[PDB]
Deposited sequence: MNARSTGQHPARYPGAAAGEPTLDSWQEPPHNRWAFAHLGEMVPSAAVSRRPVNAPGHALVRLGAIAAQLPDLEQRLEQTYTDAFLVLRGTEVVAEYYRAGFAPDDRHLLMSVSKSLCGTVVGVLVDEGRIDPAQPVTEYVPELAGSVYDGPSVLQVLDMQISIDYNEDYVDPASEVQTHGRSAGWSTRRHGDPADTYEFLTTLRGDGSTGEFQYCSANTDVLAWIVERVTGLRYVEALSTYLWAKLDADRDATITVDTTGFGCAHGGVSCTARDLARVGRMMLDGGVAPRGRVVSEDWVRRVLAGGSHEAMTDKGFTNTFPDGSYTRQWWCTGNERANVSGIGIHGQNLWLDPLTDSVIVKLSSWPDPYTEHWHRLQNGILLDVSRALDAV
């Protein structure tokens, strides 16, 4: 058993509704107003083939930027300097206010929600995960602290080979509803997480999407809110965003905290703006100055042994669901596969959003090109 979870609606039975019950009372009063949570659905546009190119000032310093964006499969690109949008690009077929999947940039949003609850003293990072989710006893998450989840310093047997249906990465996806279920699969994400094992060692960075969903589970047990609602209440609703974000949900309504958020490029930039404003958003403080300082300061360098990162960023690290480059600009970024970045450049008080669709989830090639663009743009923002 995975214990108590936030009901899909007030008074709902555990796990209700499902795809097979949403039409039935009492579920249907909720489901009729939220059908996209149950059944795949398309937008029917209220608005009635060409790229939008407004690269502003940096265009002069980076004449080939549009081509570089095309080459890295850029869908949306936006530079916010202070409070001003100073550069924008959207590919043909993608509107400025279209939403785009964030993949693991989602993780940085989840960590921010955890941060709010740490500020409130509702989560103590020093405490074991099991202080908040007892049902993870007997799993790889029995023993490690919440901070070790935040910093992803837990050794976990999690096969990342996505061509093998038996792999943890594929099983995680099926448990989240991202792919067709197979016989024997865990019923939902909570159950999947309880199946995870490891040798018990901690302290070394291991990037693992299970960690972020554990954080979201903790958020739910501490607040009693569905992660979907927590993400809105503690973050999204404070941004004064143009549009709602969306997040995929599994069969219990659990949002895919680790990878399933979509939003507009301009709205994602508001998250970066909040980070560079010491944790304050237009509608109130999101996280404390201290939390933001700790993110910008970076994680343990000793822990960071991923050469896919350190080959480019020798002094890099990871903390609280953010990648910290440790470069001479101290850049910090949310990163997601196929080319998603929420890139922070505190030196110039700027945020760069790049949302893309590389054909491959990861290669050294793509990251070299992408990081080259983000660094060139950052430097183009320097006073001269």
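When the deposited sequence is numbered from 1, the segments without any C-alpha atom are 1-4, 53-56.
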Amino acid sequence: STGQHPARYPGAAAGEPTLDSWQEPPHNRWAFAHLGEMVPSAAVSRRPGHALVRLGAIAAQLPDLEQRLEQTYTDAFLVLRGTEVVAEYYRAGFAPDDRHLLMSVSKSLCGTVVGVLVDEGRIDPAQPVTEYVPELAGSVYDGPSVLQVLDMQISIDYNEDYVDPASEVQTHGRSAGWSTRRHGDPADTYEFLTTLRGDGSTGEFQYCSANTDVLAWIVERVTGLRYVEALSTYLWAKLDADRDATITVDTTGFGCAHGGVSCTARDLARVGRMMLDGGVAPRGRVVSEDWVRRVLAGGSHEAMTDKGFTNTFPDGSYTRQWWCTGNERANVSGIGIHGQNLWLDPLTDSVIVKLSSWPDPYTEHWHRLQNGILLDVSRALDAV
From here on, numbers count along this sequence of modelled residues.
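The question of which stretch, 332-340 or 57-65, has the higher mean Cα B factor is settled in favour of 57-65. Of the two segments examined, 91-99 and 107-115, it is 91-99 that shows the higher average Cα temperature factor in the deposited entry. Within the selection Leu147, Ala176, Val292, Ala187, the deposited Cα B-factor values reach their highest point at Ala187.
Listed residues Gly121, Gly272, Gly299, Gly279 were ranked by CA B-factor as deposited; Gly121 comes out on top.
In the deposited entry, the Cα temperature factor of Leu196 places it in the highest third of its chain's modelled residues. Among all modelled residues in this chain, the alpha-carbon of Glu168 has a temperature factor (C-alpha) in the highest third. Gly255: CA B factor lies in the lowest third for its chain, per the PDB record. In the PDB entry, a CA B factor belonging to the lowest third of its chain's modelled residues is recorded for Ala265.
When the modelled residues of the chain are ordered by their C-alpha B factor, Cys324 lands in the lowest third.
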